[PDB]
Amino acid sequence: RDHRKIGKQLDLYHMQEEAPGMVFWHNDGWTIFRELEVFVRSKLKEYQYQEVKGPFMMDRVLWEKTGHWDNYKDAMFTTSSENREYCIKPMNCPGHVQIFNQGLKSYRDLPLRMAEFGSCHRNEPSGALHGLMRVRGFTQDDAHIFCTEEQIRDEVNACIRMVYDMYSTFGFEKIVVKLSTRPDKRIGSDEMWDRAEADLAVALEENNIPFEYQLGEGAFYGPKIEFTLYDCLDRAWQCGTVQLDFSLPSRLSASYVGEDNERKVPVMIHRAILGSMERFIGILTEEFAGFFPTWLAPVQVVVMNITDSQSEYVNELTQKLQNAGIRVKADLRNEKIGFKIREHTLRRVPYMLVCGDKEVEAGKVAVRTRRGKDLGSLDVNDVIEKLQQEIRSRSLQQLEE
């Protein structure tokens, strides 16, 4: 269960010292990545998020106004052009605000949920890099919610439900939650912090979630909830975060027209559920030990013949699975069936549809799982329908009997 080994074995990705902590995604690895994007994208639609794309770099002058510059200048990649310095974004928040500030905003437009698969870059020390876990070039399942103070509880509530919903898909039901409270050096009144910390607390209570405090461990611009998941080895991974921000909107001159017609500053909620797509793929790899659920599998089905006599049955059957939308390959090589099964089992293909003389004559197919189970000879159409159901529902488990 090492993502760096399974990564080389299943030809998912590689990394080089010409680009430290920046992944080269091969075909099969990029297929897992994109299928994860499609999953999150379906949750963005379900939870009523917009999806945007922001530039890779912006003026240092803009990044200076955020108040992150002095603290994290050493971690930020810079580049120059025509006597102007540009930062390579390590965060998507300031870009999301620029999009928000285009056109006059109203109380009617809030809550405004702005998601992005934000390609971010951090100048992290090369010694502290490790595979897909610690990287320089990463992609966040990021979003920023612009809302009123009245709307915070409802929006954090929705973020909490979204976290547990998405984690359940991958079989993560043991979640540790930590609410980080006002730090010694903070912006805003104590009353603002009382309400904000309460808003996160009540939201967790409203979802019947037991949690604990990380005292004074909150950011200077507001308190945060952090979600830690436990894999099948009972190893703790901090992935999810819901962070309140009473600073950045004001800094970058974000405003809307209230119901009383008074120009107000929106509250910003920073939220990431998976956190780093690269790290989460890393975690899933070790979690499943290369046995990715069918919907994530780079190749979901290999249709294979015993002899040359079934070559055209395989081609017709491969075409049907293709048309059904299943990631299917044909193995028509001059090799024994045991060799074919052995090779595709090693590559962790969920299903191997074996076609012999008896399968052709009956219009059926023999299904073998990568675990080595034999489901017997089934009707071709009934099998496709079942594989479609297993993919559509993003099921963790394979076909029974």
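Residue numbers here begin at 1 and follow the sequence given. C-alpha atoms forming the largest set that superposes within 1.5 Å between two forms make up the rigid core.
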Check your understanding: Relative to the presented form, and with the rigid core used for superposition, do the C-alpha atoms of 136 to 144 or of 209 to 217 deviate more in 7 other deposited structures of this protein?
Key -> 209 to 217
Check your understanding: Core-superposed in 7 other deposited structures of this protein, which stretch deviates more in Cα positions, 309 to 317 or 187 to 195?
Key -> 187 to 195
Practice item. Taking the mean of the C-alpha B-factors per stretch from the entry, tell me the winner out of 29 to 37 and 61 to 69. Key: 61 to 69
Practice item. Averaging only over Cα atoms, indicate whether 87 to 95 or 120 to 128 has the higher B-factor in the PDB entry. Key: 120 to 128
Practice item. For the C-alpha B-factor as written in the entry, point me to the maximum among 310, 181, 261, 300. Key: 261
**Study point:** Deposited CA B-factor, highest of 140, 228, 101, 189
**Key:** 189
Exercise for review: Place residue 339 in the lowest, middle or highest third of its chain's C-alpha B-factors, as listed in the PDB entry.
Suggested key: highest
Review point. Lowest, middle or highest third of the chain for the C-alpha temperature factor of residue 324?
Key: middle
Check your understanding: In terms of the chain's CA B-factor thirds, is residue 154 lowest, middle or highest?
Key -> lowest
Revision key, fill the gap. Assert third(CA B-factor, residue 54) within chain per record equals lowest
Revision key, fill the gap. Of the three thirds of the chain ranked by Cα temperature factor, residue 219 occupies the middle
